[PDB]
Amino acid sequence: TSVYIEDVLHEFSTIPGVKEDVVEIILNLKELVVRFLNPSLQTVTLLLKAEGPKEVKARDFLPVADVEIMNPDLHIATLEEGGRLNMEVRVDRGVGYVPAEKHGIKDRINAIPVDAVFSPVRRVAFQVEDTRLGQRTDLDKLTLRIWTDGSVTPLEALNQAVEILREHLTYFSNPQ
Amino acid sequence: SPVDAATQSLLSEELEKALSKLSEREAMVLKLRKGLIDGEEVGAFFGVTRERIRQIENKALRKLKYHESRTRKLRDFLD
Amino acid sequence: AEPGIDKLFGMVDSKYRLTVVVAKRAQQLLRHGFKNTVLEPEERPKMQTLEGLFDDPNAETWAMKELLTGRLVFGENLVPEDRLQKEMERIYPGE
Amino acid sequence: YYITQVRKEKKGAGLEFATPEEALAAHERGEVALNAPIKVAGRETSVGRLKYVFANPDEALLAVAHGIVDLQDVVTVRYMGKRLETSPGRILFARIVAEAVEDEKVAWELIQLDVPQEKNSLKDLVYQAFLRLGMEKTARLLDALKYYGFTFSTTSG
Amino acid sequence: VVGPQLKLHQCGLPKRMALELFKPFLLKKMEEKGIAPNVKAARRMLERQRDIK
Amino acid sequence: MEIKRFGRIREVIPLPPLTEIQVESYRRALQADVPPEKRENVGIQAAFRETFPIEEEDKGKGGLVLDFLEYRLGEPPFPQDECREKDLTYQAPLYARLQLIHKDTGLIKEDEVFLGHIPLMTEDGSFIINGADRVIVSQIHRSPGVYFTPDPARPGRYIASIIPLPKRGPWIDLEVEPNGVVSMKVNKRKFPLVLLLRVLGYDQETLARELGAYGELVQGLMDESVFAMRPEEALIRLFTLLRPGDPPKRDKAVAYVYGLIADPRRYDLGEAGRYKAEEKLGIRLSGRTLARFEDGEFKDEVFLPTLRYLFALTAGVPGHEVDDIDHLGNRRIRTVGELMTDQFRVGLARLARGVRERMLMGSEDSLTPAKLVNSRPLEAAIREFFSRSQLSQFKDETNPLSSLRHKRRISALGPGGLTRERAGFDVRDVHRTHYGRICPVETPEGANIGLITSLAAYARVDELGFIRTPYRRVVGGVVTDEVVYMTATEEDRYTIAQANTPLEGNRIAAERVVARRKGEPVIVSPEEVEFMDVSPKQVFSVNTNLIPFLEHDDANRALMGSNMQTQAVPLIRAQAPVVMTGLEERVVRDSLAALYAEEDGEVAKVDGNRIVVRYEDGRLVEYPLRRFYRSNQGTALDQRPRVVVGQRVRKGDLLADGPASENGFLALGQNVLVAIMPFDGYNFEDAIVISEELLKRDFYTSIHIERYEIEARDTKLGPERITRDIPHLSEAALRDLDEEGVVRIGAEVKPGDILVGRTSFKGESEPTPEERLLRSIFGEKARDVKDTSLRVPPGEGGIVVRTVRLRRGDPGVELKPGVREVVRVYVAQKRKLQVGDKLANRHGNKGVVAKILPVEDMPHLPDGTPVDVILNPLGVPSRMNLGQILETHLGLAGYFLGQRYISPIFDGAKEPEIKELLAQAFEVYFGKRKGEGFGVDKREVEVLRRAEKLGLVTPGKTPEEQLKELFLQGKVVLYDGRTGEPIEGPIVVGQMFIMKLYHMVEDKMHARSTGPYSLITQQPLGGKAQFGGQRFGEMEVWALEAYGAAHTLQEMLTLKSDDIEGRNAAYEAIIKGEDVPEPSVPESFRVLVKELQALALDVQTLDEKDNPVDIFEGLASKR
């Protein structure tokens, strides 16, 4: 949701000792998949701090209780000798797509909010192909497939969905 | 420009409504003073001496200041 | 578009008249508060954040919802120009 | 235009059926064969016009619904006192307007449910409802056409 | 920009625009609702985008 | 990925340094890097030499010789980067060692004298004038020489014309009229051709038989036999047929002027003018024009050939002498140099004039230095030529491509001594010559057609501005690899063959072959072929040669497509096209967006800010990377570094990319999945619908910077301060105004906010009574100052990214008179892609975003993958640019196959090859399914029912198969993600490169309700905050007039503009709640009465009876 770098004031600066642009970095966190473990974490914050010859990666995020980083190896930034990089990355639990121009969060005044998507679902596809079974042969064979960052489960999802719908048919109740 | 021509409108009438809730014996002297001609406390009032100028002045002005605090008309400076 | 613009366009001798007439009546429908209206009781003007068009929304939409129903009257020279505003300011409360 | 139109396909064996009887049964099976389509050159009638015949306007549509006949297929339906030979789409259009404007008969006294709808075809229809009916009722007639037009189109493939 | 499901009768302009347009017609309504006591005041309300309730 | 190119016509030789037209010239122009010892005296060295030896002999006393020694430049006042931070030109030091002679004792030699400063050209090509990159636009004109044009009104015979440059070089014409009079208008009025032909010994006996005995026109020459009997008399006789008052005995008087020095002369001996003079006619001409003075006796190797050719023209057949005034062998282009050098000699004139007076002011020997020459002249003109010169404007640098096409643009409009703005029609047409010299498409649209043009890719100005083009030789069957860039004129001379002519190595391969004989498309024979075309690339300009299937796009659209590109705003998520013409790298490499490496080496430290190369020569260099810099247009420029750490680099290979540079190629847009079909009228006429998925993944987003400014004016009412004081309402408004005065970095600055605070003094010369009593009641000690603070203009503003102050103790700035200090608050915004925006492909499908749709319901392939944009088809039938439809087909195969393509202009890919890739694609697309364990939707089978009646598939074949045929056409079976139901009919999809367009300032949705007004006229005006009003055009007047919209029209003529009493009454009327006040009168009228009244004409209005009526309401009733 929002980042806060060490000595960076605004999103349009450049970190000495980091090839990356401060806008290429927050663009790199937008590819970070966290898996909260329980409801009591509508939000968590992850820290880091690296120096000298090192390629900051996910693993480098100092661990937290209910949080698992499925993305341990995705790049974050490239650091040379005498390069400092100590940041703060606020993660969140949400739904849909929300422009950073929409949430604009206020941790430390020098922070910069990141646009953020939430769907753990990367793409849904389904293939309804006939299926022969004795009697007749105009038999439908629905078989939806789901891919996912790992934040959640292809299966877990499929369930919440069918529920959300079941819960929705529910409004077809009281006439007027 | 229109927004100002409208302010003299509100200012006029509202100060003029808050002009009546006063003892004209001194109000109408400072009123027209800054108001009518030009703003000199000495040769200010017709007959009565100075100490009765400031008297009703500083008092009327203030009473005039708090009867408006209630009915907030000028507060949001028309200027 | 607008409810019975034809019927309205047909109760006059010129397109450009209906306009004036609805215009003039609308002005007076304001000039004199909003009670000089020729109808009100049941189903008449209405808005929706709450049913409030009943009091002061569109000036002219009214002029057209009245002049359409055969209640109002108008002519080239029907009633003496000055004593008009007189009685009108005399029978309708609002200011 | 896509919705109100017809098709025409491959002409193998000579089919001038209007006359014979055995030129129905034999050609109905051959249709179920690989020679006589449904949009076949049948002057007085193409096998399509025989197989499917419907009683109610609706009837036609459900069929289309069920992948039976497409909107651009030669079918036979029963409209007011007449066995009209047309396509589902053509009958649909009639509705589209008949609906836009509830005077279902009038709607008939102006629409050419025989040719595809083009630019002039419509133009005529617009200038028609204008004169004939009201004006505002004609405002909605356009919007209607706007809708059914922006929709069929996208699926027209 | 095209307004597909729009209706002849209407048209669609951005609020941000409308706001300036009938500005004064708004000021007055502003004073009618409790979102502002008086004009000049209301004027201020509508001077910065961030202060527009 | 993989890159596979197409077709092959062995491109023989690379493109020229795309900026040579600019750099290279300015070079030869001012040779500062080569000692006066070097042998080159053109432009600068020429102008100088030409304007120095000032031999003012006798007019009293003097006879002072002032020569030139060594010109030189050395060290500019400030560096570039600094010349944009502050506001100064990027000049250089320019002096030369001068010495004067005394017809007595002494030849003082006072060297260095910097008489001003001359601007310099960046390594890229542009200049820097006041902080803004400027570029000089190339220009064309009438090549000096002689031409014979069909006589204007007399369909009889034709006239002649002598054309010199400078303009001081007499523009002469010739013409005959048999019954007693012949003509020649040098300055003006006519006179005997022989009248002046005798001024050079040329007698009527040698002239009548040794010039035109083959011409019956010689009888029009012998005519006046009287003057034809006195040598040096016709030198005074004709001298008399002029008109001032002058002495008839001024020996070598004005005949000198038509000799050598300044007037008739062309730049340099050899080709500045003899090429035309000779090639075309005659044989020789020593010195420049008719030049000589060593004997007193004149020689005119000018006037004899002209007649010897006119009489040679108006008769027989020397050849076909008529001259096409628009042939590029007759029209010349003047690079930046000539344009500067010439405006550089106007300066040496104003100087040579101010100096001549000083040769008559000085006492005696203290004169060489400053007592004889001042910089005020040269320094005001040159400056004038860079600051105001019509032929010089802003550096269109929305993107690299742009700043390149500009640099190499050509405009007719210029000096005025060269093509103005009345004419055009025939001069606008594309000529039989522009082939391979100028694009036949690039030119603008509108009132400015053909006048402004851009040249071809291979073209280049040889020696004297006669745009040539790479042409290679062919001996009989044999086809050279050697190239001879040929001029227009010396081109027509041969039988050139086209580039796409079947080859067998070096042998044409067909009895018949298309060649072009002077703009004449002909099918010829091999043995005839003398020259061939290097490649298609040469026919067209640059921008154009960046389009995919050009060959399939109606040239009419090629233009849009070619200019669109220019409007290509540098996306943060830059990306090269799935299909490239070829010039991808060339553009970037040759413009200067990316940072390449000199020679081999490694990598020291790659900092988002700096790159230090590890050359294998022991040394190491840092390379600064302009981070987030502001461009004239506003499109940011940030060189992101690509090379990692301690990487063994390869010479010339890029280190970091530029704005539009992706991997090193030109990225102006974003390859994106398109599915060309109609939608619910969302893409109605030219609209576009989008896949919000494009937003989620910061795709069409761009970084734009704005620069707001303000000054502390030094009024006479009290200095203006820039304090943190907002005298009236809140601190909530001061917040971000952290710093005292200026704003804090990185603070969201929504509109209406305080970017900077300031304070001037309220009333003109007095406070206010009404306001007096009001301020006292709540605290009379109310700071009686005004809040004239600079605020964020309505519309938008991002977040502060850098500020610049300039208080007292000014470093080297140049605060203007009254300017106490200027402040700058640069702001930046991450403009995301939103409705109302415009996109387009290189073919011309220019369209505006009209609907952002949720992934969940827009067109999806069979396997979950949902398209990005939905283009309407109806946009392609008419605009005959099917080209774009090939780009998508080839494009699809580029997707599923995971690879790129290059499709050269004319020799590119063909339907078949593409039809093949599509098949090899159909596998990755369908093969999977067969293996992932799935068959075919109960829908696909349904679409296949329709897909045959349509006739896109062979009846009977297997469903599996049927899809291959279909897919291969470019079509697939898309599902309406809003229903699950299939778009009944196959639809084409695939990858299409689409660029975003730069928003003009007109885009800023404006809006006014009440604003300032001119002092004079009283009609509305905008400024810093309030929007300016709209101009109610006459046509707009008629429309309303036409309508019964009676009042509505008077509204516009008074209230909304011209009624002071009105709007005023009007505004308030509303607020309270009443029908507006019937319109007073317009000032426009009131101004007419008084305006008209200024003229003894009385305009008084009237009534029913002819009785007065007072417009200016009583204010005109005296006292």
# chains A, B, ... in the order shown; residues from 1 in each chain; ligands from 1
>>> residues_around(residues="stretch 6-20 of chain B", least_positions_apart="3", cutoff="9 Å", atoms="only C-alpha atoms", output="PyMOL selection string")
(chain B and resi 1-3+23-24+27-28+31+64+67-68+73-74+78-79) or (chain E and resi 40) or (chain F and resi 770-771+774+1064+1067-1068+1071)
>>> write_last_selection(atoms="N, CA and C atoms", output="PDB file, in the first residue's frame")
ATOM      1  N   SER B   1     -15.684  43.165  -9.437  1.00  0.00           N
ATOM      2  CA  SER B   1     -16.219  42.013 -10.148  1.00  0.00           C
ATOM      3  C   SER B   1     -17.323  41.451  -9.261  1.00  0.00           C
ATOM      4  N   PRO B   2     -18.468  41.101  -9.864  1.00  0.00           N
ATOM      5  CA  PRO B   2     -19.689  40.550  -9.272  1.00  0.00           C
ATOM      6  C   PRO B   2     -19.647  40.045  -7.830  1.00  0.00           C
ATOM      7  N   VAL B   3     -18.606  39.304  -7.457  1.00  0.00           N
ATOM      8  CA  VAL B   3     -18.524  38.805  -6.093  1.00  0.00           C
ATOM      9  C   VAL B   3     -18.325  39.938  -5.080  1.00  0.00           C
ATOM     10  N   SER B  23     -27.709  53.531  20.101  1.00  0.00           N
ATOM     11  CA  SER B  23     -28.138  54.846  20.578  1.00  0.00           C
ATOM     12  C   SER B  23     -27.473  55.892  19.693  1.00  0.00           C
ATOM     13  N   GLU B  24     -28.168  56.253  18.621  1.00  0.00           N
ATOM     14  CA  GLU B  24     -27.703  57.225  17.633  1.00  0.00           C
ATOM     15  C   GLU B  24     -26.927  58.430  18.170  1.00  0.00           C
ATOM     16  N   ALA B  27     -23.332  56.763  17.854  1.00  0.00           N
ATOM     17  CA  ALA B  27     -23.127  55.825  16.769  1.00  0.00           C
ATOM     18  C   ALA B  27     -23.011  56.599  15.464  1.00  0.00           C
ATOM     19  N   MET B  28     -24.069  57.335  15.129  1.00  0.00           N
ATOM     20  CA  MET B  28     -24.155  58.130  13.897  1.00  0.00           C
ATOM     21  C   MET B  28     -23.067  59.185  13.703  1.00  0.00           C
ATOM     22  N   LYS B  31     -20.168  56.554  12.689  1.00  0.00           N
ATOM     23  CA  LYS B  31     -20.800  55.902  11.553  1.00  0.00           C
ATOM     24  C   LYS B  31     -20.490  56.667  10.279  1.00  0.00           C
ATOM     25  N   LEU B  64     -22.225  46.317  20.239  1.00  0.00           N
ATOM     26  CA  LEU B  64     -22.446  46.100  18.815  1.00  0.00           C
ATOM     27  C   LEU B  64     -21.626  44.904  18.354  1.00  0.00           C
ATOM     28  N   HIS B  67     -23.643  41.608  20.081  1.00  0.00           N
ATOM     29  CA  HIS B  67     -25.006  41.272  19.698  1.00  0.00           C
ATOM     30  C   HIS B  67     -24.903  40.622  18.313  1.00  0.00           C
ATOM     31  N   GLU B  68     -23.722  40.747  17.711  1.00  0.00           N
ATOM     32  CA  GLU B  68     -23.455  40.167  16.400  1.00  0.00           C
ATOM     33  C   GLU B  68     -22.768  38.818  16.543  1.00  0.00           C
ATOM     34  N   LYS B  73     -23.371  37.627  11.475  1.00  0.00           N
ATOM     35  CA  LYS B  73     -23.584  38.106  10.113  1.00  0.00           C
ATOM     36  C   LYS B  73     -22.291  38.556   9.437  1.00  0.00           C
ATOM     37  N   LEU B  74     -21.468  39.315  10.157  1.00  0.00           N
ATOM     38  CA  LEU B  74     -20.211  39.808   9.598  1.00  0.00           C
ATOM     39  C   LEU B  74     -19.029  38.879   9.839  1.00  0.00           C
ATOM     40  N   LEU B  78     -16.885  39.819   5.193  1.00  0.00           N
ATOM     41  CA  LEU B  78     -17.419  40.012   3.855  1.00  0.00           C
ATOM     42  C   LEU B  78     -16.296  40.472   2.910  1.00  0.00           C
ATOM     43  N   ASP B  79     -15.158  40.882   3.484  1.00  0.00           N
ATOM     44  CA  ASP B  79     -14.001  41.336   2.702  1.00  0.00           C
ATOM     45  C   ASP B  79     -12.940  40.236   2.510  1.00  0.00           C
TER      46      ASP B  79
ATOM     47  N   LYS E  40     -20.328  34.596   1.020  1.00  0.00           N
ATOM     48  CA  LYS E  40     -18.881  34.800   1.111  1.00  0.00           C
ATOM     49  C   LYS E  40     -18.236  33.581   1.762  1.00  0.00           C
TER      50      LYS E  40
ATOM     51  N   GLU F 770     -15.871  51.557   4.906  1.00  0.00           N
ATOM     52  CA  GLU F 770     -16.752  50.424   5.162  1.00  0.00           C
ATOM     53  C   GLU F 770     -15.963  49.309   5.842  1.00  0.00           C
ATOM     54  N   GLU F 771     -14.809  48.990   5.269  1.00  0.00           N
ATOM     55  CA  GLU F 771     -13.937  47.946   5.790  1.00  0.00           C
ATOM     56  C   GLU F 771     -13.193  48.413   7.037  1.00  0.00           C
ATOM     57  N   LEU F 774     -15.295  47.575  10.055  1.00  0.00           N
ATOM     58  CA  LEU F 774     -15.403  46.124  10.178  1.00  0.00           C
ATOM     59  C   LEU F 774     -14.181  45.488  10.817  1.00  0.00           C
ATOM     60  N   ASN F1064     -22.774  42.552 -13.539  1.00  0.00           N
ATOM     61  CA  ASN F1064     -22.850  43.045 -12.170  1.00  0.00           C
ATOM     62  C   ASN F1064     -24.239  42.798 -11.633  1.00  0.00           C
ATOM     63  N   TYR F1067     -24.978  38.856 -11.765  1.00  0.00           N
ATOM     64  CA  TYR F1067     -24.416  38.001 -10.727  1.00  0.00           C
ATOM     65  C   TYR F1067     -25.352  37.974  -9.522  1.00  0.00           C
ATOM     66  N   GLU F1068     -25.423  39.116  -8.836  1.00  0.00           N
ATOM     67  CA  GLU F1068     -26.238  39.266  -7.643  1.00  0.00           C
ATOM     68  C   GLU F1068     -27.643  38.753  -7.821  1.00  0.00           C
ATOM     69  N   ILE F1071     -27.693  34.911  -7.157  1.00  0.00           N
ATOM     70  CA  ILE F1071     -27.466  34.638  -5.746  1.00  0.00           C
ATOM     71  C   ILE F1071     -28.721  34.810  -4.909  1.00  0.00           C
TER      72      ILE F1071
END
>>> select_by_dssp(residues="chain D", states="alpha helix (DSSP H)", output="PyMOL selection string")
chain D and resi 22-29+47-51+57-65+88-100+119-132+136-155
>>> atom_distance(atom1="atom CA of residue F:484", atom2="atom CA of residue F:284")
25.8 Å
>>> residues_around(residues="stretch 108-112 of chain D", least_positions_apart="4", cutoff="10 Å", atoms="only C-alpha atoms", output="list in words")
residues 90, 93, 94, 95, 97, 98, 103, 104, 116, 117, 121, 122, 124, 125, 126, 128, 129 and 132 of chain D
>>> atom_distance(atom1="atom CA of residue D:14", atom2="atom CA of residue D:32")
16.6 Å
>>> atom_distance(atom1="atom CA of residue F:132", atom2="atom CA of residue F:703")
19.4 Å
>>> interface_residues(of="chain F", to="chain D", cutoff="10 Å", atoms="only C-alpha atoms", output="number ranges by chain")
F: 677-684, 872, 942-943, 945-947, 949-951, 955-956, 971, 973-976, 981-988
>>> decode(residues="stretch 48-62 of chain D", atoms="N, CA, C and O atoms", output="mmCIF file, in the first residue's frame")
data_model
loop_
_atom_site.group_PDB
_atom_site.id
_atom_site.type_symbol
_atom_site.label_atom_id
_atom_site.label_comp_id
_atom_site.auth_asym_id
_atom_site.auth_seq_id
_atom_site.Cartn_x
_atom_site.Cartn_y
_atom_site.Cartn_z
ATOM 1 N N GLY D 48 -35.992 -25.442 -45.302
ATOM 2 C CA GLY D 48 -36.081 -24.758 -44.036
ATOM 3 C C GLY D 48 -37.526 -24.373 -43.802
ATOM 4 O O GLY D 48 -38.107 -24.699 -42.770
ATOM 5 N N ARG D 49 -38.117 -23.706 -44.788
ATOM 6 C CA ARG D 49 -39.493 -23.244 -44.694
ATOM 7 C C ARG D 49 -40.510 -24.320 -44.359
ATOM 8 O O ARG D 49 -41.624 -24.009 -43.947
ATOM 9 N N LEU D 50 -40.127 -25.583 -44.518
ATOM 10 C CA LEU D 50 -41.029 -26.698 -44.215
ATOM 11 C C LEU D 50 -40.851 -27.223 -42.776
ATOM 12 O O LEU D 50 -41.802 -27.205 -41.987
ATOM 13 N N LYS D 51 -39.634 -27.679 -42.453
ATOM 14 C CA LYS D 51 -39.286 -28.222 -41.127
ATOM 15 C C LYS D 51 -39.826 -27.447 -39.930
ATOM 16 O O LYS D 51 -40.627 -27.969 -39.141
ATOM 17 N N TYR D 52 -39.338 -26.214 -39.788
ATOM 18 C CA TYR D 52 -39.744 -25.329 -38.706
ATOM 19 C C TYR D 52 -40.858 -24.411 -39.152
ATOM 20 O O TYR D 52 -40.786 -23.773 -40.198
ATOM 21 N N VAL D 53 -41.895 -24.365 -38.341
ATOM 22 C CA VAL D 53 -43.033 -23.519 -38.592
ATOM 23 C C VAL D 53 -43.476 -23.301 -37.181
ATOM 24 O O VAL D 53 -43.540 -24.249 -36.402
ATOM 25 N N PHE D 54 -43.759 -22.055 -36.838
ATOM 26 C CA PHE D 54 -44.137 -21.742 -35.478
ATOM 27 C C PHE D 54 -45.511 -21.108 -35.380
ATOM 28 O O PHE D 54 -46.025 -20.545 -36.347
ATOM 29 N N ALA D 55 -46.101 -21.212 -34.197
ATOM 30 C CA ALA D 55 -47.430 -20.686 -33.959
ATOM 31 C C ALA D 55 -47.441 -19.263 -33.417
ATOM 32 O O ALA D 55 -48.212 -18.425 -33.881
ATOM 33 N N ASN D 56 -46.578 -18.989 -32.444
ATOM 34 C CA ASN D 56 -46.516 -17.668 -31.818
ATOM 35 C C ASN D 56 -45.195 -16.926 -32.047
ATOM 36 O O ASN D 56 -44.129 -17.540 -32.128
ATOM 37 N N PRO D 57 -45.249 -15.589 -32.155
ATOM 38 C CA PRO D 57 -43.992 -14.878 -32.368
ATOM 39 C C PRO D 57 -42.918 -15.458 -31.462
ATOM 40 O O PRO D 57 -41.892 -15.956 -31.925
ATOM 41 N N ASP D 58 -43.184 -15.420 -30.165
ATOM 42 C CA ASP D 58 -42.252 -15.942 -29.179
ATOM 43 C C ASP D 58 -41.623 -17.236 -29.664
ATOM 44 O O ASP D 58 -40.399 -17.348 -29.765
ATOM 45 N N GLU D 59 -42.476 -18.207 -29.966
ATOM 46 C CA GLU D 59 -42.028 -19.505 -30.437
ATOM 47 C C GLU D 59 -40.722 -19.397 -31.207
ATOM 48 O O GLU D 59 -39.737 -20.045 -30.861
ATOM 49 N N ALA D 60 -40.710 -18.552 -32.229
ATOM 50 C CA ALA D 60 -39.522 -18.369 -33.060
ATOM 51 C C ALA D 60 -38.250 -18.114 -32.256
ATOM 52 O O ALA D 60 -37.243 -18.813 -32.409
ATOM 53 N N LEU D 61 -38.304 -17.121 -31.384
ATOM 54 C CA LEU D 61 -37.148 -16.760 -30.584
ATOM 55 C C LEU D 61 -36.574 -17.887 -29.712
ATOM 56 O O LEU D 61 -35.366 -18.136 -29.745
ATOM 57 N N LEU D 62 -37.419 -18.571 -28.941
ATOM 58 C CA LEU D 62 -36.925 -19.654 -28.092
ATOM 59 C C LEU D 62 -36.077 -20.605 -28.915
ATOM 60 O O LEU D 62 -35.001 -21.031 -28.485
#
